[PDB]
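K.L.:
File my_file.cif below, mmCIF, N, CA and C atoms:
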data_protein
loop_
_atom_site.label_atom_id
_atom_site.label_comp_id
_atom_site.auth_asym_id
_atom_site.auth_seq_id
_atom_site.Cartn_x
_atom_site.Cartn_y
_atom_site.Cartn_z
N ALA A 1 27.89 -67.10 34.86
CA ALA A 1 29.31 -67.33 34.60
C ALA A 1 30.13 -66.39 35.47
N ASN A 2 30.74 -66.92 36.52
CA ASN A 2 31.48 -66.12 37.49
C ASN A 2 32.85 -66.74 37.76
N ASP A 3 33.86 -65.88 37.85
CA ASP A 3 35.22 -66.32 38.12
C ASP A 3 35.99 -65.18 38.78
N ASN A 4 36.86 -65.55 39.72
CA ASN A 4 37.70 -64.59 40.44
C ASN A 4 39.06 -64.41 39.79
N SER A 5 39.34 -65.12 38.70
CA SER A 5 40.66 -65.06 38.09
C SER A 5 40.88 -63.75 37.34
N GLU A 6 39.81 -63.16 36.79
CA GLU A 6 39.97 -61.97 35.96
C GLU A 6 40.25 -60.73 36.79
N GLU A 7 39.66 -60.61 37.99
CA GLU A 7 39.89 -59.42 38.80
C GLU A 7 41.30 -59.41 39.39
N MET A 8 41.78 -60.56 39.88
CA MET A 8 43.15 -60.65 40.36
C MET A 8 44.13 -60.59 39.19
N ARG A 9 43.69 -61.03 38.01
CA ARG A 9 44.50 -60.89 36.80
C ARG A 9 44.66 -59.43 36.41
N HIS A 10 43.58 -58.64 36.50
CA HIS A 10 43.67 -57.21 36.24
C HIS A 10 44.51 -56.50 37.29
N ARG A 11 44.45 -56.96 38.54
CA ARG A 11 45.37 -56.47 39.56
C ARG A 11 46.82 -56.80 39.21
N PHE A 12 47.05 -57.98 38.63
CA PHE A 12 48.39 -58.36 38.19
C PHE A 12 48.88 -57.48 37.05
N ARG A 13 47.99 -57.16 36.10
CA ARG A 13 48.38 -56.28 34.99
C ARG A 13 48.66 -54.86 35.47
N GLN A 14 47.88 -54.35 36.43
CA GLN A 14 48.14 -52.98 36.87
C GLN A 14 49.38 -52.91 37.77
N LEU A 15 49.68 -53.96 38.54
CA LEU A 15 50.93 -53.94 39.30
C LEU A 15 52.13 -54.14 38.38
N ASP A 16 51.96 -54.90 37.29
CA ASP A 16 53.04 -55.03 36.31
C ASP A 16 53.26 -53.71 35.56
N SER A 17 52.18 -52.95 35.35
CA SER A 17 52.32 -51.61 34.78
C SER A 17 53.06 -50.68 35.73
N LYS A 18 52.78 -50.80 37.03
CA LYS A 18 53.54 -50.02 38.01
C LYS A 18 55.01 -50.45 38.06
N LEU A 19 55.28 -51.75 37.87
CA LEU A 19 56.66 -52.22 37.80
C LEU A 19 57.39 -51.68 36.57
N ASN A 20 56.72 -51.63 35.43
CA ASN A 20 57.33 -51.07 34.23
C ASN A 20 57.52 -49.56 34.36
N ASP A 21 56.63 -48.90 35.11
CA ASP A 21 56.83 -47.48 35.40
C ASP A 21 58.04 -47.26 36.30
N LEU A 22 58.23 -48.13 37.30
CA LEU A 22 59.41 -48.05 38.15
C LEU A 22 60.68 -48.33 37.35
N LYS A 23 60.62 -49.26 36.40
CA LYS A 23 61.77 -49.55 35.54
C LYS A 23 62.08 -48.37 34.62
N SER A 24 61.05 -47.70 34.11
CA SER A 24 61.25 -46.51 33.29
C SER A 24 61.87 -45.38 34.11
N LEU A 25 61.41 -45.20 35.35
CA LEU A 25 61.99 -44.18 36.22
C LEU A 25 63.43 -44.50 36.60
N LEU A 26 63.75 -45.78 36.80
CA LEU A 26 65.13 -46.13 37.14
C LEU A 26 66.06 -46.00 35.93
N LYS A 27 65.56 -46.28 34.73
CA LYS A 27 66.34 -45.98 33.53
C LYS A 27 66.54 -44.48 33.35
N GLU A 28 65.53 -43.68 33.73
CA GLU A 28 65.68 -42.23 33.68
C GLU A 28 66.72 -41.73 34.68
N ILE A 29 66.74 -42.31 35.89
CA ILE A 29 67.73 -41.90 36.89
C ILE A 29 69.13 -42.37 36.48
N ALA A 30 69.22 -43.54 35.84
CA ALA A 30 70.51 -44.00 35.32
C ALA A 30 71.00 -43.12 34.18
N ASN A 31 70.09 -42.55 33.39
CA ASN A 31 70.50 -41.60 32.36
C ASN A 31 70.85 -40.24 32.97
N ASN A 32 70.21 -39.88 34.08
CA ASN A 32 70.50 -38.61 34.74
C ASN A 32 71.86 -38.64 35.44
N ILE A 33 72.23 -39.77 36.03
CA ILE A 33 73.57 -39.91 36.59
C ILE A 33 74.60 -39.95 35.47
N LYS A 34 74.34 -40.73 34.43
CA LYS A 34 75.25 -40.86 33.31
C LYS A 34 74.83 -39.97 32.15
N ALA B 1 43.10 -82.15 31.01
CA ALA B 1 43.88 -81.71 32.16
C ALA B 1 44.09 -80.20 32.05
N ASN B 2 43.37 -79.43 32.87
CA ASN B 2 43.41 -77.98 32.81
C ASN B 2 43.59 -77.39 34.20
N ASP B 3 44.43 -76.36 34.30
CA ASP B 3 44.68 -75.69 35.56
C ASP B 3 45.12 -74.26 35.28
N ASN B 4 44.69 -73.34 36.15
CA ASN B 4 45.03 -71.93 36.04
C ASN B 4 46.25 -71.56 36.87
N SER B 5 46.85 -72.53 37.57
CA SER B 5 47.98 -72.22 38.44
C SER B 5 49.25 -71.95 37.66
N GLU B 6 49.41 -72.59 36.49
CA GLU B 6 50.66 -72.46 35.75
C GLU B 6 50.78 -71.12 35.05
N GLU B 7 49.67 -70.55 34.56
CA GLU B 7 49.76 -69.27 33.87
C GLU B 7 50.03 -68.12 34.84
N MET B 8 49.35 -68.12 36.00
CA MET B 8 49.64 -67.12 37.02
C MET B 8 51.00 -67.37 37.66
N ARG B 9 51.44 -68.63 37.66
CA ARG B 9 52.78 -68.96 38.13
C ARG B 9 53.84 -68.40 37.19
N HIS B 10 53.62 -68.51 35.88
CA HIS B 10 54.54 -67.91 34.91
C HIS B 10 54.52 -66.39 34.99
N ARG B 11 53.36 -65.80 35.28
CA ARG B 11 53.29 -64.37 35.56
C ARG B 11 54.10 -64.02 36.81
N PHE B 12 54.07 -64.90 37.82
CA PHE B 12 54.87 -64.69 39.03
C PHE B 12 56.36 -64.76 38.73
N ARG B 13 56.78 -65.72 37.89
CA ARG B 13 58.19 -65.82 37.53
C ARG B 13 58.66 -64.62 36.71
N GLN B 14 57.82 -64.12 35.79
CA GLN B 14 58.27 -62.98 35.00
C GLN B 14 58.26 -61.69 35.81
N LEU B 15 57.34 -61.54 36.77
CA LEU B 15 57.41 -60.36 37.63
C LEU B 15 58.57 -60.46 38.61
N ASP B 16 58.93 -61.67 39.04
CA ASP B 16 60.11 -61.85 39.87
C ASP B 16 61.39 -61.57 39.09
N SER B 17 61.39 -61.89 37.79
CA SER B 17 62.50 -61.53 36.92
C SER B 17 62.61 -60.02 36.77
N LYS B 18 61.47 -59.33 36.67
CA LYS B 18 61.49 -57.87 36.64
C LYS B 18 61.98 -57.29 37.97
N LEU B 19 61.63 -57.93 39.09
CA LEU B 19 62.14 -57.50 40.39
C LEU B 19 63.64 -57.68 40.51
N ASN B 20 64.17 -58.79 40.00
CA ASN B 20 65.62 -59.00 40.03
C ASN B 20 66.33 -58.04 39.08
N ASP B 21 65.67 -57.66 37.98
CA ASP B 21 66.23 -56.64 37.10
C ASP B 21 66.26 -55.28 37.79
N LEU B 22 65.21 -54.94 38.55
CA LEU B 22 65.21 -53.70 39.32
C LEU B 22 66.28 -53.72 40.40
N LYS B 23 66.50 -54.88 41.02
CA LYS B 23 67.56 -55.01 42.03
C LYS B 23 68.94 -54.87 41.41
N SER B 24 69.13 -55.42 40.20
CA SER B 24 70.39 -55.27 39.49
C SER B 24 70.64 -53.81 39.11
N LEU B 25 69.59 -53.11 38.66
CA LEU B 25 69.73 -51.69 38.33
C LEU B 25 70.00 -50.84 39.57
N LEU B 26 69.40 -51.19 40.71
CA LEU B 26 69.67 -50.42 41.93
C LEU B 26 71.06 -50.68 42.48
N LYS B 27 71.57 -51.91 42.33
CA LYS B 27 72.97 -52.17 42.66
C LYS B 27 73.91 -51.42 41.72
N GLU B 28 73.52 -51.29 40.44
CA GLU B 28 74.31 -50.50 39.50
C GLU B 28 74.33 -49.02 39.88
N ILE B 29 73.18 -48.48 40.30
CA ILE B 29 73.13 -47.07 40.70
C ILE B 29 73.89 -46.85 42.01
N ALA B 30 73.85 -47.84 42.91
CA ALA B 30 74.64 -47.76 44.14
C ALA B 30 76.14 -47.83 43.86
N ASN B 31 76.53 -48.55 42.81
CA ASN B 31 77.94 -48.56 42.41
C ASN B 31 78.31 -47.27 41.68
N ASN B 32 77.35 -46.66 40.98
CA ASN B 32 77.63 -45.41 40.28
C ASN B 32 77.77 -44.24 41.24
N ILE B 33 76.97 -44.21 42.31
CA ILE B 33 77.16 -43.20 43.34
C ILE B 33 78.46 -43.45 44.09
N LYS B 34 78.72 -44.69 44.47
CA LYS B 34 79.93 -45.05 45.20
C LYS B 34 80.99 -45.61 44.26
#
Rewrite the structure from the file as structure tokens, please.

P.N.:
Amino acid sequence: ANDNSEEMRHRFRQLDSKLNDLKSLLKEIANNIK
Amino acid sequence: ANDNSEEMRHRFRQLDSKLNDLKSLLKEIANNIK
């Protein structure tokens, strides 16, 4: 049982985690300005 | 009728929505500086 969807899916989850980290940092910078 | 393109496509739309949210926040920070 082999599939390539799960590895690229895990890459999608970790890049989405990096996106949420960037969103958290931008909310932090918006709080630092304001 | 089964396909894996729609679920990764919906993941693409929601990450693109997060990208547009990051772009909106960066335009907001550019307006806050200027």

K.L.:
Mind telling me what the PyMOL selection byres ((chain A) within 8 of (chain B)) catches here, as a ChimeraX atom specification?

P.N.:
/A:16,19-20,22-23,26-27,29-30,33

K.L.:
Both chains have the same sequence, so superpose chain B on chain A over all Cα atoms paired in order and return it as a compact mmCIF listing (two decimals) with N, CA and C atoms, keeping the file's coordinate frame.

P.N.:
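What follows is the written file selection-v4.txt:
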# COMPACT_ATOMS: atom_id res chain seq x y z
N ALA B 1 27.89 -67.10 34.86
CA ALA B 1 29.31 -67.33 34.60
C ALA B 1 30.12 -66.39 35.47
N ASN B 2 30.74 -66.92 36.53
CA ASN B 2 31.48 -66.12 37.49
C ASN B 2 32.85 -66.73 37.76
N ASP B 3 33.87 -65.88 37.85
CA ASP B 3 35.22 -66.32 38.13
C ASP B 3 35.99 -65.19 38.78
N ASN B 4 36.87 -65.55 39.72
CA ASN B 4 37.69 -64.59 40.44
C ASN B 4 39.06 -64.41 39.80
N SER B 5 39.34 -65.12 38.70
CA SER B 5 40.66 -65.05 38.09
C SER B 5 40.88 -63.75 37.34
N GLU B 6 39.81 -63.16 36.79
CA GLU B 6 39.97 -61.97 35.96
C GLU B 6 40.25 -60.73 36.79
N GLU B 7 39.66 -60.62 37.99
CA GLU B 7 39.89 -59.43 38.80
C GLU B 7 41.30 -59.41 39.39
N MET B 8 41.78 -60.56 39.88
CA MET B 8 43.15 -60.65 40.36
C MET B 8 44.14 -60.59 39.19
N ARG B 9 43.69 -61.02 38.01
CA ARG B 9 44.50 -60.89 36.81
C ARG B 9 44.66 -59.42 36.41
N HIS B 10 43.58 -58.64 36.50
CA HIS B 10 43.67 -57.21 36.23
C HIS B 10 44.51 -56.50 37.29
N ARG B 11 44.46 -56.96 38.54
CA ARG B 11 45.36 -56.46 39.57
C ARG B 11 46.82 -56.80 39.21
N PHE B 12 47.04 -57.98 38.64
CA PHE B 12 48.39 -58.36 38.20
C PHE B 12 48.87 -57.47 37.06
N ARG B 13 47.99 -57.16 36.10
CA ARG B 13 48.38 -56.28 35.00
C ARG B 13 48.67 -54.86 35.47
N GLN B 14 47.88 -54.35 36.43
CA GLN B 14 48.14 -52.98 36.88
C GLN B 14 49.38 -52.91 37.77
N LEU B 15 49.67 -53.96 38.54
CA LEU B 15 50.93 -53.94 39.30
C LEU B 15 52.13 -54.15 38.38
N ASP B 16 51.97 -54.90 37.29
CA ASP B 16 53.03 -55.03 36.31
C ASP B 16 53.26 -53.72 35.56
N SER B 17 52.19 -52.95 35.34
CA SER B 17 52.31 -51.61 34.78
C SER B 17 53.05 -50.68 35.73
N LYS B 18 52.79 -50.80 37.03
CA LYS B 18 53.54 -50.03 38.02
C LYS B 18 55.01 -50.45 38.06
N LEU B 19 55.28 -51.75 37.87
CA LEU B 19 56.67 -52.22 37.80
C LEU B 19 57.39 -51.68 36.58
N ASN B 20 56.71 -51.63 35.43
CA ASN B 20 57.33 -51.07 34.23
C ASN B 20 57.52 -49.56 34.37
N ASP B 21 56.63 -48.89 35.11
CA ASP B 21 56.83 -47.48 35.39
C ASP B 21 58.03 -47.26 36.30
N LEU B 22 58.23 -48.13 37.30
CA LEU B 22 59.41 -48.05 38.15
C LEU B 22 60.68 -48.33 37.35
N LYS B 23 60.61 -49.26 36.40
CA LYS B 23 61.77 -49.55 35.54
C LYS B 23 62.09 -48.38 34.63
N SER B 24 61.05 -47.70 34.11
CA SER B 24 61.25 -46.51 33.29
C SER B 24 61.87 -45.38 34.11
N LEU B 25 61.41 -45.20 35.35
CA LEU B 25 61.99 -44.17 36.22
C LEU B 25 63.43 -44.50 36.60
N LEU B 26 63.75 -45.78 36.80
CA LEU B 26 65.14 -46.13 37.13
C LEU B 26 66.06 -46.00 35.94
N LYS B 27 65.57 -46.28 34.73
CA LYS B 27 66.35 -45.98 33.53
C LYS B 27 66.54 -44.48 33.35
N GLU B 28 65.53 -43.68 33.72
CA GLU B 28 65.67 -42.23 33.69
C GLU B 28 66.72 -41.73 34.68
N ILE B 29 66.74 -42.31 35.89
CA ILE B 29 67.73 -41.90 36.89
C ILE B 29 69.13 -42.37 36.49
N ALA B 30 69.22 -43.53 35.84
CA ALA B 30 70.50 -44.00 35.32
C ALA B 30 71.01 -43.12 34.18
N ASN B 31 70.09 -42.55 33.40
CA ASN B 31 70.50 -41.60 32.36
C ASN B 31 70.85 -40.24 32.97
N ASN B 32 70.21 -39.89 34.09
CA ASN B 32 70.51 -38.61 34.74
C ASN B 32 71.86 -38.64 35.44
N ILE B 33 72.23 -39.77 36.04
CA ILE B 33 73.57 -39.91 36.59
C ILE B 33 74.60 -39.95 35.47
N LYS B 34 74.34 -40.73 34.44
CA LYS B 34 75.25 -40.86 33.31
C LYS B 34 74.83 -39.97 32.15

K.L.:
To one decimal place in Å, what is the distance between atom C of residue 7 of chain B and atom N of residue 24 of chain A?

P.N.:
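Going from atom C of residue 7 of chain B over to atom N of residue 24 of chain A covers 23.2 Å.
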
K.L.:
Kindly list the centre and edge lengths in Å, rounded to one decimal, for the axis-aligned box that covers all listed atoms of segment 20-29 of chain A plus 4 Å on each of its six sides, as JSON.

P.N.:
{"center_x": 62.9, "center_y": -46.7, "center_z": 35.7, "size_x": 20.5, "size_y": 17.9, "size_z": 12.9}

K.L.:
If I take atom CA of residue 3 of chain B and atom CA of residue 17 of chain B, how far is one from the other in Å, to one decimal?

P.N.:
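Atom CA of residue 17 of chain B lies at a distance of 22.8 Å from atom CA of residue 3 of chain B.
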
K.L.:
If you measure from atom CA of residue 2 of chain A to atom C of residue 9 of chain B, what distance in Å do you get, rounded to one decimal?

P.N.:
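Going from atom CA of residue 2 of chain A over to atom C of residue 9 of chain B, I get 22.5 Å.
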